[PDB]
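A.B. asks: Take a look at the following structure, please.
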């Protein structure tokens, strides 16, 4: 999948 | 060939 | 002698790296003067990352919703605005380590150094190229968004890339420092796919010149070729077409080694046909395409 | 995801590089606290470099015979001495950009980041490995002497290399920061050849683990081997012997991918005998040996400094 590479 | 000490010259 | 994937020294960029947190979302930001630049999807929640309305998500935020950490000190956010896919957070303190800099949008084939960062701290530095399909083959994990790509020719940092996202094949996509994406990608987790990746032909030829400069000639041949015949061959190996402008770019390297550009193009045609037959070129068994003619001249002659 | 030749951030080292001049000879120096370290052949003239007597060349020199420039500021030399092949120049100003550091000598096969420098100005950074024959396959031109290699261990810069010279084969040789040469070389412009080089087996295995983490799995197989059986064919292909220590340090990668260390050796064994069969691993058609096990861990888990 397409992943916006922020963190949580 | 020989080793080249890799300083620089002015 | 020698030829290495050489990045620029990262110190000027390290002093600009900060952490940006909005809610429970965090990534890196770039602190230049009194503005912190970061990807706008930091204002997204865990949900609402498929079709976010960034304009609507941003208007709901106050300045104190943005937590910016520069090392041990929290920066006070006194202003916020959105330019394309990038957030610009105005802070009440200009970064004292702000170097001479400028923003530059690059073309496919161009190389740059990447300072990969997490939580505003640097993890490492490596060299990258803008692929013809407008992705980069980076090394990026969750939290790396906000990491930048740059060159430091002379004494000015040229910021050319801000990292945003990873595509399903593991390649990466991002924007210039004005927030405009490279390629047709968007900062949403909707299904996207990079086009067929092709080889940067002019970069391969530059790398072959670097080999010759370093004393390696085994791959040459006595042949030449027309520009059109080379391109008809190159396309069959998924190589980018070689334009007259590329030919002109390789002129200096052609002049330094005494090998005409079209002669070296004939060499490349044979290498694609033969492979390397247990041999290497500059320590590689593939044809390296992430060194530009400018990179070769900078590393080989100074 | 992705896997790149990744150097350490170089900011803390950049603030320590200076230029050292002695006569017409120029090179780079490392300014730490109130001492500047640099290669001792800076006291050589162009005609002195064939068979120099560094003992004798230094006796005739005094403190002000060394020009140390930190940018546009000239540092005042208040002392000088020689330790093995490096020169120590005491200055009257402690480097205010001095990071937390220590000098460490690395083993053959260990990696480090090189900060290539010219005229005391940092110009580029790249990752490389101390080859088993104690050479470095670097990228260096005239004036690069004094450039340093380093690692960052937690919060501390570990200086492990200072560059001196280029061998006729185009590979490079240097010392640790205490002046001791890596490898059977001496600092003079004579014919010098290195021993036969070998592949760093533990590093190749680490790199194969990095590939599996990135989804490259075609080289895996049902087979396993033993240390004795693997080392028999490893020695035959000019590979470094694999020890129980290498197996141990590979443990974290073996458990995280679910692939036993000796299962992976069977993969590497088959790759040496049959090649890659036209395929690539992590974008390479060669067996890469310039990534240590810790190099893979720090990149794939995103360790910061």
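To match Swiss-Prot, the residue numbers of chain C are left as they are there, and the shown ones run 3264-3565.
Going by what the header records, the deposited coordinates were determined by X-ray crystallography, 2.2 Å.
Backbone N, Cα and C define each Cβ position, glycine as well.
Pasting the feature list from Swiss-Prot:
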{"type": "ACT_SITE", "residues": "C:3304", "note": "active site, for 3CL-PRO activity"}
{"type": "CROSSLNK", "residues": "C:3268", "note": "ubiquitin cross-link"}
{"type": "CROSSLNK", "residues": "C:3353", "note": "ubiquitin cross-link"}
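Could you place these features in context, so I can see how deep they sit and what lies close by?
C.D. replies: DSSP classifies residue C:3304 (active site, for 3CL-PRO activity) as helix under the three-state reduction. Neighbours of residue C:3304 (active site, for 3CL-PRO activity), defined as other CB atoms within 10 A of its CB across all chains, total 24.
In sequence order, C:3389, C:3390, C:3553 are the residues near residue C:3268 (ubiquitin cross-link), counting only same-chain partners six or more apart with C-beta under 8 A. DSSP classifies residue C:3268 (ubiquitin cross-link) as coil under the three-state reduction.
In the three-state DSSP assignment, the secondary structure recorded for residue C:3353 (ubiquitin cross-link) is strand.
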A.B. asks: Quick one: pull the CA-CA distance for residue C:3304 (active site, for 3CL-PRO activity) versus residue C:3353 (ubiquitin cross-link), whole Å only.
C.D. replies: 17
A.B. asks: 10 Å Cβ neighbour count around residue C:3353 (ubiquitin cross-link)?
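C.D. replies: So the Cβ neighbour count for residue C:3353 (ubiquitin cross-link) comes to 16.
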A.B. asks: Given recorded positions C:3268, C:3304, C:3353, which are under 8 Å from chain A when comparing Cβ atoms?
C.D. replies: C:3304
